[PDB]
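Topology and contacts: notes
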Amino acid sequence: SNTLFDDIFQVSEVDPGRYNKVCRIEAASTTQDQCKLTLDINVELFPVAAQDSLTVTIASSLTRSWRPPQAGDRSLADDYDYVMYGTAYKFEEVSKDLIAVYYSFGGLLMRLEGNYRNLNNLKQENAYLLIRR
Amino acid sequence: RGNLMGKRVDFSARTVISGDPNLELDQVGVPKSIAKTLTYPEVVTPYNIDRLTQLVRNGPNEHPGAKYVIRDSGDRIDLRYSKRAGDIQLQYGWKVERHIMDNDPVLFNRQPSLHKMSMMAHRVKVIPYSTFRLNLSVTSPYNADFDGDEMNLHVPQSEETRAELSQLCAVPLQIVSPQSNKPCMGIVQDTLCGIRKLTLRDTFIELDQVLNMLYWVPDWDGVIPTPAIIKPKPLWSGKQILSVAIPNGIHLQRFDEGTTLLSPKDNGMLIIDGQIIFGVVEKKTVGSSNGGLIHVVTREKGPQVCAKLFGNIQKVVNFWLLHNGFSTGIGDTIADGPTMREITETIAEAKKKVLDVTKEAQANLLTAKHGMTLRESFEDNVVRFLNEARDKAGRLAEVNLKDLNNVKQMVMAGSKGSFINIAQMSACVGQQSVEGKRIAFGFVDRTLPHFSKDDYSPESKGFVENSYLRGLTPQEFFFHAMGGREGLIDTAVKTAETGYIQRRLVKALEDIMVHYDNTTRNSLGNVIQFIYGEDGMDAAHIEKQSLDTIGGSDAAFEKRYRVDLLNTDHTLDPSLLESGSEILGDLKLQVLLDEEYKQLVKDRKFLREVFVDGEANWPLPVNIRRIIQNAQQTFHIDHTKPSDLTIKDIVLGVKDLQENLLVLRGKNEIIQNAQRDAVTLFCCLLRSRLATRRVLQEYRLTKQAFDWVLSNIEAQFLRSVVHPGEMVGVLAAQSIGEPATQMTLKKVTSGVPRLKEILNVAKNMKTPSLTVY
Amino acid sequence: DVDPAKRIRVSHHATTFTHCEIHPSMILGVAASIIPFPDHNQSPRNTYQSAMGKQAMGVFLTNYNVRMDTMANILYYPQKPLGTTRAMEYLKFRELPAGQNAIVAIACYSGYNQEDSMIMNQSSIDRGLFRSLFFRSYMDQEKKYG
Amino acid sequence: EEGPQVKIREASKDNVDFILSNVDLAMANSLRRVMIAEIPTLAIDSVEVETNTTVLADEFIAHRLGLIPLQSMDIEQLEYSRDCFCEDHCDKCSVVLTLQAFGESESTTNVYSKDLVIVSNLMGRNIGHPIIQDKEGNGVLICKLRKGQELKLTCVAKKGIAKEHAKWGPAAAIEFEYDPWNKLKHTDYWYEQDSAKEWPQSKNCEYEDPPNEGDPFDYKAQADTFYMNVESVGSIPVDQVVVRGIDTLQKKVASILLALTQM
Amino acid sequence: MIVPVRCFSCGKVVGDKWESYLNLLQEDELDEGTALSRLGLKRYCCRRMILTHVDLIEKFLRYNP
Amino acid sequence: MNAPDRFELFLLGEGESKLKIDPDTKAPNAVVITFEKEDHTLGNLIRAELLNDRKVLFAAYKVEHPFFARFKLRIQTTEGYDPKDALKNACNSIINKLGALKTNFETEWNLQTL
Amino acid sequence: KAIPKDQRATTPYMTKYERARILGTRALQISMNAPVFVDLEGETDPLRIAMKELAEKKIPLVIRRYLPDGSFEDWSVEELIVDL
Amino acid sequence: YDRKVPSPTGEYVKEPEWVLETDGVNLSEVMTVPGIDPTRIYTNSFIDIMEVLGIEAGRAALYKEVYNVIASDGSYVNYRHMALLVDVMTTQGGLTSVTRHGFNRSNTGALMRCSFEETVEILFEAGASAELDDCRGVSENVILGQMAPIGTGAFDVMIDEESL
Amino acid sequence: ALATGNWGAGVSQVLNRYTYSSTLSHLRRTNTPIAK
Amino acid sequence: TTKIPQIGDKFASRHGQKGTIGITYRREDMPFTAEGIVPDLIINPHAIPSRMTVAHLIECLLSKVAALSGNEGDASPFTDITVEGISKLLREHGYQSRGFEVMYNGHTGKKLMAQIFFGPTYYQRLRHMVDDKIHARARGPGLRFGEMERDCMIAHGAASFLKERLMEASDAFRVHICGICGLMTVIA
Ligand SMILES: [Mn+2]
Ligand SMILES: [Zn+2]
Ligand SMILES: [Zn+2]
Ligand SMILES: [Zn+2]
């Protein structure tokens, strides 16, 4: 029962650095020129290219072990394509006037930079990451 | 005297050893045939009448058996020959000499044993085939391999004797050793190579294989961790599963060259609550390194949990490696076509520099360097040129090799490998040398009859241009063999000399022990150290820590520690502290804060005198930074709200704690001073770590977390004091001799030759030097 | 214009030559003459080998069944090494060899082959791989002056 | 017939090149293993030596004897000596053979498996006949005799399985491949300059469609379509090695359902 | 001593191909590689078995007793 | 000498059963079965099939030490669904699967010339 | 030469050597059917029982710590704090 | 040589300095030469350092020497081990070597491992001088059937008439 | 002397026969009793 | 006596590195090649970098080519044979020129993510076998415990163990002693 962030980004770079399945994207945000994003993505399961336009929603719902099927016929809280799930080892840098946060997806890292998220994001593990089209 | 030399070695066996990925760190596989030979006398008691009665029935030929039953009268009934072997009625108080069984504590040892860690206690695991089996990580403390090594197993014979082994010698209690205040056991070879390949970002595991991996970790809790990727494919991270082998409450932070909180290179290491958040896992994290994962798990969870840790990790990685595979072939030693050309030119450039200096010398234009001969300095430059070549040639090959290159994969993980190796295999082998010089003119004015007289070129005097891959010319081959023989000869020497030095050191210190007064004395009762190690601490409880007070500019020192309640700018902002606003301009508190600052400034002076160098990292007990990282995780301290700590809380709190870090207790004046001295360095670390601004601005501790930090520091500290009865002398001798049995190879005297020269107090040194400033 | 795969050799700046080596590989003795590509190994390893070749099992003589000596080890199925040496011909190595040509895999498999140990194929052992005969013979007499 | 599906390419008395499709890799493998280790067979497992003046040692010869493939067509109609209710060996559980040879001529006299002679009663079941496939009906060369030397042995064939000793194995080798076009990406090709140019394209690349340049990785494809080839050693018809392979595997699982049952 | 009965690695029967191999060489003047392939020894594990064998028995038979 | 007889790989010694079923505690609806005298051949098999069942929450196997012939199988299933049954199911499902394969093969065999 | 219960300057904490010897002494006794002072919630292995007695401070033993000069201090196993 | 020194602002900075390295030693005389820093002169001959600067300086040097022999191979050993060695070699006011000085002793007991097939003589002298055996060694106590006053045996255990 | 190795030693030894090359080796071995 | 390869026995190639059998595996369990070829022996790659034993690797490459072509491989020192040369010949035979081959795990059938350097190499069975050194001496009614072993037990502070292990058979005799003169001149 929740959601925490939403917006669409302008991928300005997709670096694969010696990896063969992962790339580090850095897409600017449509709207607010402040909001930025750096993220690790498994390209093998959701390719990405420069100038693309991704919609990024955080959320935190729809820890107990996990089951595979059944739900695939039920709570399809996946109105997206790419779907990760990491933890917030978030260093609220409290840089200058903006506030950046960090997430860890099994090692695939992510970092948002804004300011109005003070009442938006968590300060605790649990947090899914969704992206569509 | 024939018995004062250990001959009649009863109750022990010896055999070839083999490695075993499925044994726990502290076990030893004992072949059934050897188990039936070694016995332990166990008194018949109601707690064990059945087991014994059963063993006696199995007899001397079936494993859970026994060899003799001894009755009250001391009579010995031989179960192998005896008309009543199968008709015995044990009675309380009798003794049954049973075979050693699973879990008995036994002493395992590999000679030459010049380490206490070369004689540890293990738990028995009776197994089939002959040969003893060991967990791979118990390998280095024994300095053992499996190309034929043999080890001895001794069976403790009494009850107090069993206890001594398992309570003092057991492998787990030796993970962290005092010889170098760090673990002496870590993850190696296959498991090391595998753990790295498993931790890369590109490594993902599918559901089918994840469930197996999970199930392989015995301390797992049937809770399938949610995938790092849920999208079109439930995929798990390699880091995710390894994290299951690490227990809860483990935190770890380390920054490498260019590591950030986004470490692009997947550099560094960041584990939080037993979940690796970022960084590839290799030798710096899982090796026997200082602050690594094993040092931490031990100190934080205790010896047993750490021992189990080696096995859990081994089982996961070894499984992930069995199904991933790893290999190496000739292919891995082949460098890029263009690279080889860059290499040939690099060497060709070296032969020119050498050719020039020769023409120079032949015209008589070279100037000798003071206190040196023309020929001496000539040789010098030629050798510098030729090594510069081998080296730069080697770097060109190293850079080339891709991340697929198996040789490079092993080097990146930490498991066997090194530049020099890749350099000699792929690029130039280099200059040979005997007695520190190039190959000498053994024939009149020439190295081999194949050259002309007076030929000082690199090919003549021993430079091997080819790599091992290319092969050596015959002349290169012979020169490389001349150099080779040298190493074989003195390897024999170094060996012999070190073994006698080690036995002389032990003999000189054997009787030195730590008494109950914390004094270190010899058999006579003479004082050697008025307090062991000048600090009363046990070396296995010491860690390298950074004494901040000592580094950087003064502006920085002041920005960091200065708290001026009487200045709008240099006060504690009311957001870091609850009572922040009403503290502004508080005269009485400011008096407390000035005492704290004057003390911090004295400390800095003091430290700068002791470590005139400027060095800040020194081994000290109680790892404060770790204690604080724990507090912040334990009390989920939010870095957003202001703390409820008072300035009196901190200042007076830290002040009180210092009066509790006790090494000595005597009530008189002398001892109390000795006590203040012994705790001086640690207290400087303490005061700089718990300075008011630091506690509120950096750590953000709440009154609860803070009070927790203070009591932990006291607990750990007291747990770090050395125990009276410590055979510190033998400990010392062995700690110096053991590594001196590892030295093998700018013009002075080092290595064993110099060490022997020292211990001998020779009035005729070989290299009497003076250094004048 | 030169083979980049070959090793780097020096030049023939001579008009003085009085002799020429029959063949450079003849600087080696018997044991080392059995090492394949010895010129591609680090020097001390050649020495180690030369020691071990003397601890191998072969067919010391074809008349082993008729001699009655203290100890003897005869390999069941000796094989001539796929990788030979030219000197190896005068040493009769192909005639009276030691060892066999094992199909070898350099790999990290179950973990049971670390720190210098090996994983051997049990099925190959059943079919005869590396079996050997061992003969020990005891001697004894009768009295002396009494 | 809905399910695993065989599709034979080659077939002869020795090999059976085929293509398993629509199956789990796990099953292809278990079957692959079973053929190598658990298909019953008859083989010499005891040799009594009356006379050996040959140049070889008894155990040396005996070892070879066991390696000589024997007729194991009706092996099921034979019981394991361990189950049999006799005392040691009998016609119900064993085949006895004899070997008598004498160096008569001055030329070296050879001894082959053909020279083996059954002495027990085969009761009509094709079993124990030494297999012969060479172009001269000689069989395996067991020993060589100089004039004057002799060899009088007595063997005893028994039912067994590879797990116990590789002599009882009916299989010689078992080719096995899948995804010849590295599409599932199960392996990561090692290379110097070009993955493709440096790695030999396999036979089975012809029986499949090379992936297309721009297709994104197919992450839901599993492993079906396994290209196998079974080589029989003779103790049993190739077709049988496979068939009984599936059979034993089948009986195995069966022995388990029956375990839960009487449990 | 004599032709191993089988290929150590795979099990292939090989002890019934020694004489043939010998003939393929003498009376047919073929080369070992071509000879071996004609006897069906296609994989190197089986090839090495025959190509590397040393028939020392032919020398043992030369002793009188 | 210390080497055990080879038949001990497939022959149940005395006092041993083909299966030992134990209830898992760490989790609900979980069982741990010990197969004596069996290896990866059956292990990876029953595991793979067990995984095709959707009402199955967990399935993994492992032979703790190559010296001994036995493996452990842990199955976790949906409430109401007995793990013991999923096994029976996986088994039968396998047995059938093979029967078909057997046929198809003997069928294709005949259509071959040689 | 004995030192009064007050004025002892030796450690309030038990040393690993004392723990090792006490457990071994006590275990020996339990191995010889000597009376036990705790409830064996299933234990049968002497040392294991001894460890239980220690944790519950029910081992009626005293440690005599000698000083290099000859004097000594007496600490009851009960007194000694066990943290190692 | 480069030298870490405090700069005027406080942070350590490298300040290169010319240093003289010699072949031969005469500390007392060179130490006195004008133009040098007698405060920092050094020599690897800890024997001369002792004779000119005293035993405490001798000790410090001996530690620096031993320590270098171990750092030369990159190896590391906790300070206290080398320190204990250095204190033993220094306790009696002079540099007492360790590589076996005495033909009889170092710190033993006229009972421990009978050295030289003529232990008799070791005992004859012990008698003639009234040698007092402390009995702290392991062998002496083995000969006496007792456990050595070390580690696990550096204290006695006794019954307690307190336990209720 | 030929049975011992007593000349004026170890000069005489039992011939190695472990392997054929080991025998050839022993027969061409050299010894140096007792600057570099 | 016939001696069959067992765990603990020593083996070595001709490049100065021996090893003992750690465990034996049956064919089914071994890893395999597409052609169904299985290894008679598996050694560890970690024993390659540091030994600098490149010849072992080249002997392998050479030996593969020789077996595939029935020609004797020339591994003679100081000749013009090359890895490039050998790699070319092996390639002509349809194999990946540097000795690697795709392999599948024997417990699963699934490929290995890595390819394996596979080929024949000459190995020697050494003497001195397990069953010859297994000596186990336990009398109730190396392998020694000497000075070095004792120093280790002293360092551990294990005093009673040292007492138990170093004490001889001799009977524990009871004597009386004067407290004034430390002599056994007491009449009891
Ligand atoms: Mn070794
Ligand atoms: Zn019968
Ligand atoms: Zn083969
Ligand atoms: Zn008296």
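Look up a bit, the structure's there.
Quick word on the overall build of chain B
Of the regular secondary structure elements, chain B holds 25 helices and 25 strands. In terms of overall dimensions, chain B has a C-alpha envelope of 100 × 95 × 75 Å along the principal axes. For chain B, the exposed surface amounts to about 30,300 Å²; the carbon and sulfur share of it is 51%. Averaging the locations of the 94 positively and 93 negatively charged side chains of chain B gives two centres separated by 4 Å.

Overview of the overall build of chain I
A count of helical and extended segments in chain I gives 1 helix and 0 strands. Its C-alpha atoms give chain I principal-axis dimensions of roughly 30 × 30 × 10 Å. Looking at chain I as a whole, 22% of its 36 residues are labelled buried. Total accessible area on chain I stands at roughly 3,200 Å², and carbon and sulfur atoms take up 53% of it.

Looking at the pattern of salt bridges
Once their charged atoms are close, side chains differing in charge can pair, the charge on each being opposite to the other. All names here are of chain B. Inspection of every chain in the model, using the stated rule, returns 110 salt bridges over all chains. The residue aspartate 548 makes a salt bridge to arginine 689 at a minimum N-O spacing of 3.3 Å. Of this pair, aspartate 548 sits in the loop between β23 (542-546) and α16 (554-561) while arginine 689 sits in helix α21 (residues 680-689), and the two are 141 residues apart along the sequence. Relative accessible area serves as the criterion here: at 23%, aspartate 548 is assigned to the partly exposed category. For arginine 689, a relative accessible area of 6% corresponds to the buried category.

Observations regarding the interface of chain D and chain C
Listed per partner, the contact involves 8 residues of chain D and 9 residues of chain C. Carbon and sulfur atoms supply 56% of the area that chain D and chain C bury against each other, a total of about 800 Å² over both sides. For chain D, the biggest contributors to the area lost against chain C are D:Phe60, D:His63 and D:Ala166; these three give 58% of the whole. At the surface where chain D touches chain C, the tally comes to 4 residue pairs in polar contact. Residue composition of the side of chain D that touches chain C, by class: 4 nonpolar, 2 polar and 2 charged.

Describing empty space enclosed by the protein
Here the largest cavity defines a volume of roughly 220 Å³. Taken together, 19 residues make up the lining of the largest cavity; nearest its centre are C:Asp116, J:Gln17, J:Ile43, J:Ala47 and J:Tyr123. When residues of the lining of the largest cavity are traced back to their parent elements, those giving at least two are β4 (117-121) of chain C together with β3 (18-25) of chain J. Within the lining of the largest cavity, the residues separate by chemical class into 6 nonpolar, 9 polar and 4 charged. The volume enclosed by the second largest cavity comes to roughly 110 Å³. Elements that contribute at least two residues to the lining of the second largest cavity include exactly α1 (43-52) of chain C together with α1 (20-26) of chain I. Broken down by element, the lining of the second largest cavity gets its largest block of residues, 3 residues, from α1(I). Its residues assigned to classes, the lining of the second largest cavity comprises 5 nonpolar, 8 polar and 1 charged.

Description of the packing of α16(B) against helix α17 (residues 587-610) of chain B
Residues and elements named next belong to chain B. Where α16 meets α17, the closest approach of the two axes is 11 Å, and the angle between their N-to-C directions is 145°. As α16 packs across α17, the resulting crossing turns out to be right-handed. Taken together, the residues of α17 that come into contact with α16 (itself represented by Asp554, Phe557, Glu558 and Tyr561) are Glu596, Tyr597, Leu600, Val601 and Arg604. Residues of the contact of α16 with α17, tallied by class, amount to 5 nonpolar, no polar and 4 charged.

Details of the coordination of the zinc ion (ligand 2)
All names here are of chain D. All of the protein donors around the zinc ion (ligand 2) are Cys84 (SG), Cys86 (SG), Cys90 (SG) and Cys93 (SG); their distances to the metal are 2.2 to 2.5 Å. What the 4 donor atoms of the zinc ion (ligand 2) show is an angle range of 98 to 119° at the metal, which sorts the shape as tetrahedral. Each donor residue of the zinc ion (ligand 2) belongs to the same chain, with the gaps between them written as C-x1-C-x3-C-x2-C.

Observations regarding the sheet that holds strand β3 (residues 20-21) of chain H
Spatially, 3 strands are ordered β3(H)-β25(B)-β4(H) in an open sheet, and the strand pairing comes out antiparallel. Edge positions in the open sheet fall to β3 and β4 (42-43) of chain H, since each of these has one partner strand only. In the sheet, strand β25 (residues 770-772) of chain B pairs with β4(H) via 2 bridges, with the strands oriented antiparallel. Paired with B:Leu770 across the bridge in β4(H) is H:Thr43.

A short note on the packing of aromatic side chains
The final tally for this structure, using the stated rule, is 52 aromatic pairs over all chains. Taking 4.5 Å as the distance between ring centres and 15° as the angle between the ring planes, the aromatic pair formed by A:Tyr85 and A:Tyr128 counts as stacked. A residue pair is termed long-range when its members are at least 10 positions apart, and A:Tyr85 in strand β5 (residues 82-85) and A:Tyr128 in strand β9 (residues 128-132) qualify at 43 residues. Given a relative accessible area of 8%, A:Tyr85 falls into the buried group. Exposure remark for A:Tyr128: the relative accessible area of 22% places this residue in the partly exposed category. Consider the rings of A:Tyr103 and A:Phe105, whose centres lie 6.2 Å apart with planes at 40°: the pair is tilted. For the pair formed by A:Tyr103 and A:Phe105, the shared burial category is buried. Joined through ring pairs, the aromatic side chains of D:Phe176, D:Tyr178, D:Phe226, J:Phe32 and J:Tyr104 make up one cluster. Of note, D:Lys159 hangs over the ring of D:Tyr80, and the distance from its end group to the ring centre comes to 5.1 Å.

Points about the interface of chain J and chain C
Facing 78 residues of chain J, the contacting portion of chain C comprises 73 residues. Buried surface at the junction of chain J and chain C, both sides included, amounts to about 7,300 Å², of which 56% is carbon and sulfur. On the chain J side of the contact with chain C, J:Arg14, J:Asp40 and J:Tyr122 bury the most area, a combined 11% of that side's loss. At the boundary of chain J and chain C, one finds 4 salt bridges. A salt bridge links C:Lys6 to J:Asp80, with the shortest nitrogen-to-oxygen separation between them at 3.9 Å. Applying the counting rule to chain J against chain C returns 55 residue pairs in polar contact. Of all elements in the fold, only β1 (2-3), β2 (10-12), β3, β5 (41-43), α1 (54-69), β6 (73-74), α2 (83-92) and β9 (116-125) of chain J reach the threshold of two or more residues within the side of chain J that touches chain C.

Focus: the environment of B:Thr680
With respect to the helices and strands, the residue B:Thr680 is situated in helix α21. Along the sequence, B:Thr680 and B:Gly471 sit 209 residues apart, while their C-alpha atoms lie 61 Å from each other.

The rules behind the values
- Residues numbered from 1 in each chain as written, not as in the entry; some residues may be left out.
- Chains lettered and ligands numbered in written order.
- Part of a larger assembly, values for the part shown.
- Heavy atoms only, no water.
- Helix = DSSP H or I, 4+ residues; strand = E, 2+ residues; numbered from the N terminus.
- Areas by Shrake-Rupley, 256 points an atom, 1.4 Å probe, with all protein chains shown as cover.
- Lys, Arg positive; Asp, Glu negative; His and termini not counted.
- Charge placed at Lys NZ, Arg CZ, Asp CG, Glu CD.
- Buried < 20%, exposed > 50% of the residue type's maximum accessible area, 1.4 Å probe, protein only.
- Salt bridge = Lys/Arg side-chain N within 4 Å of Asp/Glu carboxyl O.
- Contact = heavy atoms within 4.5 Å.
- Buried area = accessible area lost by both parts, 1.4 Å probe.
- Polar contact = N/O pair within 3.5 Å; in protein donor to acceptor, adjacent residues only side chain to side chain.
- Nonpolar A, V, L, I, M, F, W, Y, C, P; charged D, E, K, R; others polar.
- 1 Å grid on protein atoms, 1.4 Å probe; cavity = no way out; pocket = protein on both sides within 12 Å on 5 of 7 lines; lining within 4 Å.
- Points joined across faces, edges and corners; volume = space filled by probe spheres on them.
- Axes fitted to C-alpha atoms, helices over the stretch in contact; angles between N-to-C directions.
- Left-handed = near helix turned anticlockwise from the far one by under 90°.
- Donors = N, O, S within 2.8 Å, 3.2 Å for Na, K, Ca; no water.
- Tetrahedral: all angles 85-135°; square planar, octahedral: opposite > 155°, others 65-115°.
- Pairing = 2+ DSSP bridges.
- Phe/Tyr/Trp six-rings, centres within 6.5 Å; stacked < 30°, edge-to-face > 60°.
- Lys NZ or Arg CZ within 6 Å of the ring centre and 35° of its normal.

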